[PDB]
>>> print(open('entry-v4.txt').read())   # compact mmCIF, C-alpha atoms
# COMPACT_ATOMS: atom_id res chain seq x y z
CA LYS A 6 119.44 101.64 68.27
CA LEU A 7 118.17 98.45 69.97
CA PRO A 8 118.92 94.99 68.54
CA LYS A 9 116.01 93.81 66.36
CA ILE A 10 114.60 90.34 67.03
CA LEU A 11 112.06 88.45 64.89
CA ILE A 12 110.19 85.65 66.68
CA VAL A 13 108.82 83.08 64.25
CA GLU A 14 106.26 80.95 66.04
CA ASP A 15 102.84 79.49 65.16
CA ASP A 16 101.40 79.75 68.71
CA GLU A 17 100.34 83.40 68.52
CA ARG A 18 99.82 83.73 72.31
CA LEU A 19 103.21 82.16 73.13
CA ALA A 20 104.93 84.40 70.49
CA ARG A 21 103.32 87.53 71.99
CA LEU A 22 104.17 86.62 75.64
CA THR A 23 107.79 85.98 74.57
CA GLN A 24 107.81 89.27 72.64
CA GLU A 25 106.58 91.34 75.66
CA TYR A 26 109.28 89.86 77.91
CA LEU A 27 112.09 90.61 75.43
CA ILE A 28 110.81 94.16 74.80
CA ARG A 29 111.00 94.83 78.57
CA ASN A 30 114.67 93.79 78.34
CA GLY A 31 116.15 96.25 75.83
CA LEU A 32 115.16 94.57 72.55
CA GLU A 33 113.06 95.63 69.53
CA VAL A 34 110.89 92.58 68.85
CA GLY A 35 108.55 91.56 66.00
CA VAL A 36 106.42 88.42 65.59
CA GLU A 37 105.80 86.26 62.50
CA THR A 38 103.47 83.21 62.57
CA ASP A 39 103.99 81.68 59.10
CA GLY A 40 107.14 80.10 57.57
CA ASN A 41 106.71 81.39 54.00
CA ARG A 42 106.10 84.94 55.29
CA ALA A 43 109.10 84.49 57.62
CA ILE A 44 111.41 83.72 54.63
CA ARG A 45 110.42 86.98 52.87
CA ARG A 46 110.41 88.98 56.12
CA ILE A 47 113.83 87.77 57.38
CA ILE A 48 115.41 88.48 53.95
CA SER A 49 113.88 91.97 53.50
CA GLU A 50 113.90 93.29 57.08
CA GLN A 51 117.28 91.72 57.98
CA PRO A 52 116.72 91.29 61.77
CA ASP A 53 119.82 91.16 64.02
CA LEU A 54 118.60 87.72 65.21
CA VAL A 55 115.73 85.25 64.53
CA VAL A 56 114.07 83.08 67.17
CA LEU A 57 112.70 80.25 65.00
CA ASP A 58 110.36 77.29 65.64
CA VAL A 59 110.72 74.18 63.43
CA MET A 60 106.94 73.52 63.48
CA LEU A 61 105.45 76.23 61.21
CA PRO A 62 102.66 76.38 58.60
CA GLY A 63 103.64 77.29 55.05
CA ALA A 64 107.30 76.32 55.47
CA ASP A 65 108.86 74.37 58.37
CA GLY A 66 111.68 76.14 60.29
CA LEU A 67 114.38 73.93 58.70
CA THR A 68 113.16 75.09 55.27
CA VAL A 69 113.03 78.66 56.60
CA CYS A 70 116.65 78.28 57.76
CA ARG A 71 117.71 76.73 54.40
CA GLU A 72 115.99 79.36 52.23
CA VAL A 73 117.06 82.35 54.29
CA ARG A 74 120.79 81.56 54.77
CA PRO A 75 122.17 82.52 51.33
CA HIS A 76 120.72 86.03 51.93
CA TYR A 77 120.87 86.16 55.77
CA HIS A 78 124.02 85.71 57.78
CA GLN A 79 122.78 86.72 61.27
CA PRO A 80 122.16 84.36 64.24
CA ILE A 81 119.29 81.93 64.13
CA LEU A 82 118.11 80.53 67.42
CA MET A 83 115.80 77.55 66.98
CA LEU A 84 113.28 77.26 69.77
CA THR A 85 111.02 74.27 69.58
CA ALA A 86 109.17 71.30 71.10
CA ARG A 87 111.04 69.04 68.59
CA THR A 88 113.71 68.07 71.09
CA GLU A 89 115.02 64.69 69.81
CA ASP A 90 118.79 64.30 69.33
CA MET A 91 118.19 63.85 65.57
CA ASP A 92 116.15 67.10 65.45
CA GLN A 93 118.83 69.10 67.28
CA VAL A 94 121.60 67.84 64.99
CA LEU A 95 119.49 68.57 61.88
CA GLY A 96 118.66 72.16 62.99
CA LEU A 97 122.28 72.99 63.76
CA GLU A 98 123.66 71.32 60.58
CA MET A 99 120.96 73.11 58.52
CA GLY A 100 122.45 76.47 59.64
CA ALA A 101 120.99 77.27 63.09
CA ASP A 102 123.48 78.68 65.61
CA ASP A 103 121.60 77.36 68.63
CA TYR A 104 118.72 74.98 69.30
CA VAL A 105 116.63 75.28 72.47
CA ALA A 106 113.89 73.00 73.80
CA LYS A 107 110.53 74.43 74.81
CA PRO A 108 109.56 75.41 77.38
CA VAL A 109 112.39 77.86 77.96
CA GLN A 110 112.61 80.22 80.94
CA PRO A 111 112.49 83.85 79.67
CA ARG A 112 115.74 84.85 81.46
CA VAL A 113 117.60 81.92 79.83
CA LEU A 114 116.24 82.81 76.35
CA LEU A 115 117.45 86.39 76.94
CA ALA A 116 120.94 85.17 77.97
CA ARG A 117 121.10 83.00 74.80
CA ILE A 118 120.02 85.91 72.56
CA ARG A 119 122.69 88.07 74.14
CA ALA A 120 125.43 85.42 73.75
CA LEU A 121 124.52 84.91 70.06
CA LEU A 122 124.51 88.66 69.38
CA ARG A 123 128.10 89.12 70.58
CA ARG A 124 128.98 86.51 67.92
CA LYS B 6 145.36 70.89 59.81
CA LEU B 7 142.25 69.99 61.79
CA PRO B 8 140.32 72.33 64.15
CA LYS B 9 141.91 72.21 67.65
CA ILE B 10 139.55 71.35 70.52
CA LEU B 11 140.45 71.53 74.23
CA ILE B 12 138.19 69.53 76.57
CA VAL B 13 138.39 70.88 80.13
CA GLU B 14 136.87 68.20 82.33
CA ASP B 15 137.77 66.85 85.80
CA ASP B 16 136.31 63.38 85.11
CA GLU B 17 139.36 61.93 83.30
CA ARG B 18 137.43 58.92 81.90
CA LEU B 19 134.53 61.05 80.59
CA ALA B 20 137.04 63.52 79.07
CA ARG B 21 138.92 60.73 77.25
CA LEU B 22 135.77 59.02 75.87
CA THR B 23 134.55 62.40 74.52
CA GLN B 24 138.06 63.02 73.11
CA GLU B 25 138.12 59.64 71.28
CA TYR B 26 134.70 60.29 69.73
CA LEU B 27 135.66 63.78 68.51
CA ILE B 28 139.00 62.64 67.04
CA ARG B 29 137.01 60.05 65.03
CA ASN B 30 135.15 63.05 63.54
CA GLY B 31 137.94 65.12 61.98
CA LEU B 32 139.05 67.09 65.05
CA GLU B 33 142.37 67.37 66.87
CA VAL B 34 141.52 67.08 70.56
CA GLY B 35 143.43 67.65 73.82
CA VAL B 36 142.30 67.14 77.43
CA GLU B 37 142.91 69.29 80.51
CA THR B 38 141.60 68.34 83.98
CA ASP B 39 142.45 71.40 86.11
CA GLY B 40 141.02 74.93 85.83
CA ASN B 41 144.29 76.73 86.67
CA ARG B 42 146.17 74.66 84.07
CA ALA B 43 143.30 75.28 81.59
CA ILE B 44 143.63 79.08 81.96
CA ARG B 45 147.36 78.93 81.10
CA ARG B 46 146.90 76.38 78.31
CA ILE B 47 143.94 78.15 76.62
CA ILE B 48 145.88 81.44 76.51
CA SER B 49 149.17 79.95 75.21
CA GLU B 50 147.90 77.13 72.91
CA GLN B 51 144.91 79.12 71.56
CA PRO B 52 142.61 76.20 70.67
CA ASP B 53 139.90 76.82 68.04
CA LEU B 54 137.24 75.87 70.63
CA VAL B 55 137.09 74.99 74.34
CA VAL B 56 134.65 72.51 75.84
CA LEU B 57 134.57 73.70 79.44
CA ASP B 58 132.97 72.21 82.56
CA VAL B 59 131.83 74.54 85.37
CA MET B 60 132.93 72.12 88.10
CA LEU B 61 136.72 72.04 88.09
CA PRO B 62 139.52 71.87 90.65
CA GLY B 63 141.88 74.85 90.95
CA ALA B 64 139.64 77.29 89.06
CA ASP B 65 135.93 76.68 88.33
CA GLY B 66 134.63 77.12 84.73
CA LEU B 67 133.22 80.60 85.39
CA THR B 68 136.63 81.73 86.70
CA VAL B 69 138.30 80.05 83.69
CA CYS B 70 135.98 81.94 81.32
CA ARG B 71 136.61 85.26 83.14
CA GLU B 72 140.40 84.81 83.11
CA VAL B 73 140.87 83.64 79.50
CA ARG B 74 138.38 85.98 77.79
CA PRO B 75 140.65 89.07 77.62
CA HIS B 76 143.25 86.95 75.78
CA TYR B 77 141.07 84.35 74.06
CA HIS B 78 138.32 85.20 71.59
CA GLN B 79 137.36 81.75 70.26
CA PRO B 80 134.11 79.80 71.08
CA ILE B 81 133.62 78.38 74.59
CA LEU B 82 131.05 75.62 74.97
CA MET B 83 130.21 75.03 78.61
CA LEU B 84 129.21 71.44 79.25
CA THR B 85 128.24 70.56 82.81
CA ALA B 86 125.95 68.84 85.36
CA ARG B 87 125.17 72.38 86.72
CA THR B 88 121.82 72.55 84.92
CA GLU B 89 119.78 75.20 86.79
CA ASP B 90 118.52 78.36 84.97
CA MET B 91 120.73 80.70 87.07
CA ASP B 92 123.81 78.63 86.13
CA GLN B 93 123.08 78.83 82.36
CA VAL B 94 122.50 82.60 82.57
CA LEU B 95 125.72 83.16 84.49
CA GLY B 96 127.82 81.00 82.11
CA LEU B 97 126.49 82.73 79.02
CA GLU B 98 126.62 86.24 80.42
CA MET B 99 130.31 85.97 81.34
CA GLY B 100 131.51 84.93 77.92
CA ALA B 101 130.50 81.35 77.12
CA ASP B 102 128.96 80.93 73.69
CA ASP B 103 126.89 77.85 74.59
CA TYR B 104 125.88 76.01 77.75
CA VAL B 105 125.01 72.29 77.55
CA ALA B 106 123.65 69.88 80.18
CA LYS B 107 125.33 66.50 80.78
CA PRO B 108 124.81 63.87 79.62
CA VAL B 109 124.94 65.04 76.01
CA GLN B 110 124.61 62.64 73.04
CA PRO B 111 128.03 62.60 71.28
CA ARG B 112 126.57 63.62 67.87
CA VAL B 113 124.72 66.53 69.51
CA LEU B 114 127.97 67.72 71.12
CA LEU B 115 129.65 67.49 67.67
CA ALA B 116 126.80 69.38 65.99
CA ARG B 117 127.20 72.18 68.56
CA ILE B 118 131.00 72.34 68.12
CA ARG B 119 130.51 72.51 64.35
CA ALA B 120 127.88 75.29 64.60
CA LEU B 121 130.18 77.35 66.85
CA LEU B 122 133.18 76.83 64.54
CA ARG B 123 131.09 78.10 61.55
CA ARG B 124 131.45 81.59 63.05
>>> encode(input="entry-v4.txt", output="structure tokens")
Amino acid sequence: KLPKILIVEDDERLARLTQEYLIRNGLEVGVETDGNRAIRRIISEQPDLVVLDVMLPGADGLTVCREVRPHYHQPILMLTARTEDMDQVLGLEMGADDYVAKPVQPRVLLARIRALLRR
Amino acid sequence: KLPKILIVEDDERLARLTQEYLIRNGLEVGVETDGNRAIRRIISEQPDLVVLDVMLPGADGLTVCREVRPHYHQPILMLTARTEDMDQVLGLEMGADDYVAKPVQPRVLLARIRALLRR
């Protein structure tokens, strides 16, 4: 019974490299590349945590966060190249539990996932 | 009754400026400057959230986290100049809920406190 992680990320290669790392570290990990699909997928599959980019086709990650929250109470970790102070504050106030600038070192991302899961 | 924040910071001036900002934003805020005193104070006063520096006289932030965690279950936000990957991992893995590099924009710090307090 491993924790289930959904990575929502438009860069398919980045998403997959991140997925492989996290799988090697005791997690069950899926990848979604589109924001509208992510909304449906997060709600139906109910992952234990979402790793979410703000920059997504279909629906941006802030919209994903907004739409998903009334039906999804689990941790959302925003992981993005949108690193401005304004962007960070918006993500967190929109309902994200953490907000991490790309690029992130895999070991750090793992530590953050773990910390969020014990919440 | 406002949420109770304890800032644990050796730089007395930095601590106070952060404290003033946070009070202006609907928080009751105290300041502690020593790690040994922080351990005692966190356990007895039970603040709603601790803002904790790694670099502290008496007991460092990692030691503080270790010592309070059996008796203190509220969010700990580590906020420090100790910015290396290994430092983040260590902080998070021993019970800190967030780990933030100095300097942090005041509104970003507030957004992170607010996100932590939501759980």
>>> atom_distance(input="entry-v4.txt", atom1="atom CA of residue 106 of chain A", atom2="atom CA of residue 88 of chain A")
5.6 Å
>>> interface_residues(input="entry-v4.txt", of="chain B", to="chain A", cutoff="12 Å", atoms="all atoms listed in the file", output="PyMOL selection string")
chain B and resi 78-82+88-106+108-124
>>> closest_residue(input="entry-v4.txt", among="A:52, A:8, A:75, A:66", to="residue 33 of chain A", atoms="only C-alpha atoms")
A:8
>>> atom_distance(input="entry-v4.txt", atom1="atom CA of residue 69 of chain B", atom2="atom CA of residue 20 of chain B")
17.2 Å
>>> atom_distance(input="entry-v4.txt", atom1="atom CA of residue 54 of chain A", atom2="atom CA of residue 56 of chain B")
24.5 Å
>>> residues_around(input="entry-v4.txt", residues="residue 31 of chain B", least_positions_apart="3", cutoff="9 Å", atoms="all atoms listed in the file", output="list in words")
residues 7, 8, 27 and 28 of chain B
>>> closest_residue(input="entry-v4.txt", among="A:46, A:71, A:9, A:18", to="residue 34 of chain A", atoms="only C-alpha atoms")
A:9
>>> residues_around(input="entry-v4.txt", residues="segment 10-17 of chain A", least_positions_apart="2", cutoff="8 Å", atoms="only C-alpha atoms", output="PyMOL selection string")
chain A and resi 8+19-21+24+32-40+43+47+52-58+60-62
>>> decode(input="entry-v4.txt", residues="segment 56-85 of chain A", atoms="N, CA and C atoms", output="tab-separated table (two decimals), in the first residue's frame")
chain	number	residue	atom	x	y	z
A	56	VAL	N	1.54	16.62	-7.42
A	56	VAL	CA	2.63	17.52	-7.78
A	56	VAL	C	2.13	18.27	-9.03
A	57	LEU	N	1.92	19.58	-8.89
A	57	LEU	CA	1.17	20.36	-9.90
A	57	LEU	C	1.91	21.58	-10.46
A	58	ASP	N	2.12	21.62	-11.78
A	58	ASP	CA	2.65	22.83	-12.43
A	58	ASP	C	1.53	23.86	-12.62
A	59	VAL	N	1.88	25.15	-12.57
A	59	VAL	CA	0.90	26.19	-12.91
A	59	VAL	C	0.68	26.30	-14.43
A	60	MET	N	1.75	26.09	-15.19
A	60	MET	CA	1.72	26.26	-16.65
A	60	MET	C	1.27	24.96	-17.33
A	61	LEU	N	-0.03	24.85	-17.59
A	61	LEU	CA	-0.61	23.66	-18.21
A	61	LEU	C	-1.59	24.03	-19.31
A	62	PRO	N	-1.60	23.25	-20.42
A	62	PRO	CA	-2.67	23.39	-21.42
A	62	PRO	C	-4.01	22.96	-20.85
A	63	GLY	N	-5.09	23.45	-21.46
A	63	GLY	CA	-6.43	23.07	-21.05
A	63	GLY	C	-6.92	23.91	-19.89
A	64	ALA	N	-6.32	23.68	-18.72
A	64	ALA	CA	-6.54	24.53	-17.54
A	64	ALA	C	-5.22	24.74	-16.81
A	65	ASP	N	-4.90	26.00	-16.51
A	65	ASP	CA	-3.72	26.33	-15.69
A	65	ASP	C	-3.83	25.68	-14.29
A	66	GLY	N	-2.68	25.46	-13.65
A	66	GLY	CA	-2.62	24.80	-12.34
A	66	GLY	C	-3.40	25.49	-11.23
A	67	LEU	N	-3.52	26.82	-11.31
A	67	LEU	CA	-4.33	27.56	-10.32
A	67	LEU	C	-5.80	27.20	-10.47
A	68	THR	N	-6.25	27.11	-11.73
A	68	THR	CA	-7.61	26.65	-12.04
A	68	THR	C	-7.79	25.21	-11.61
A	69	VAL	N	-6.80	24.36	-11.92
A	69	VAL	CA	-6.82	22.97	-11.45
A	69	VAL	C	-7.04	22.96	-9.93
A	70	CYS	N	-6.16	23.65	-9.20
A	70	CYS	CA	-6.28	23.76	-7.75
A	70	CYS	C	-7.71	24.18	-7.32
A	71	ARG	N	-8.18	25.31	-7.86
A	71	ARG	CA	-9.52	25.85	-7.59
A	71	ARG	C	-10.64	24.83	-7.80
A	72	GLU	N	-10.65	24.21	-8.98
A	72	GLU	CA	-11.70	23.27	-9.36
A	72	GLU	C	-11.71	21.98	-8.54
A	73	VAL	N	-10.53	21.56	-8.11
A	73	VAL	CA	-10.33	20.24	-7.52
A	73	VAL	C	-10.64	20.26	-6.02
A	74	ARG	N	-10.28	21.37	-5.37
A	74	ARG	CA	-10.42	21.53	-3.91
A	74	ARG	C	-11.77	21.19	-3.25
A	75	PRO	N	-12.92	21.63	-3.82
A	75	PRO	CA	-14.16	21.21	-3.13
A	75	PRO	C	-14.37	19.69	-3.08
A	76	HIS	N	-13.68	18.94	-3.94
A	76	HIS	CA	-13.83	17.48	-3.98
A	76	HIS	C	-12.51	16.73	-3.68
A	77	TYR	N	-11.49	17.47	-3.25
A	77	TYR	CA	-10.14	16.91	-3.05
A	77	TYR	C	-9.43	17.67	-1.96
A	78	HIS	N	-9.20	16.97	-0.86
A	78	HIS	CA	-8.69	17.58	0.35
A	78	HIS	C	-7.21	17.29	0.62
A	79	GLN	N	-6.61	16.44	-0.22
A	79	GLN	CA	-5.22	15.99	-0.03
A	79	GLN	C	-4.17	17.04	-0.44
A	80	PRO	N	-2.89	16.83	-0.05
A	80	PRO	CA	-1.87	17.85	-0.34
A	80	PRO	C	-1.66	18.12	-1.81
A	81	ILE	N	-1.48	19.39	-2.13
A	81	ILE	CA	-1.10	19.81	-3.46
A	81	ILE	C	0.21	20.55	-3.34
A	82	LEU	N	1.20	20.03	-4.06
A	82	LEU	CA	2.51	20.61	-4.12
A	82	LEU	C	2.71	21.21	-5.51
A	83	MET	N	2.68	22.54	-5.58
A	83	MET	CA	2.93	23.24	-6.83
A	83	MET	C	4.42	23.27	-7.11
A	84	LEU	N	4.76	22.95	-8.35
A	84	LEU	CA	6.14	22.80	-8.76
A	84	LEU	C	6.23	23.43	-10.12
A	85	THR	N	6.94	24.55	-10.21
A	85	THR	CA	6.81	25.42	-11.37
A	85	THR	C	7.99	26.37	-11.62
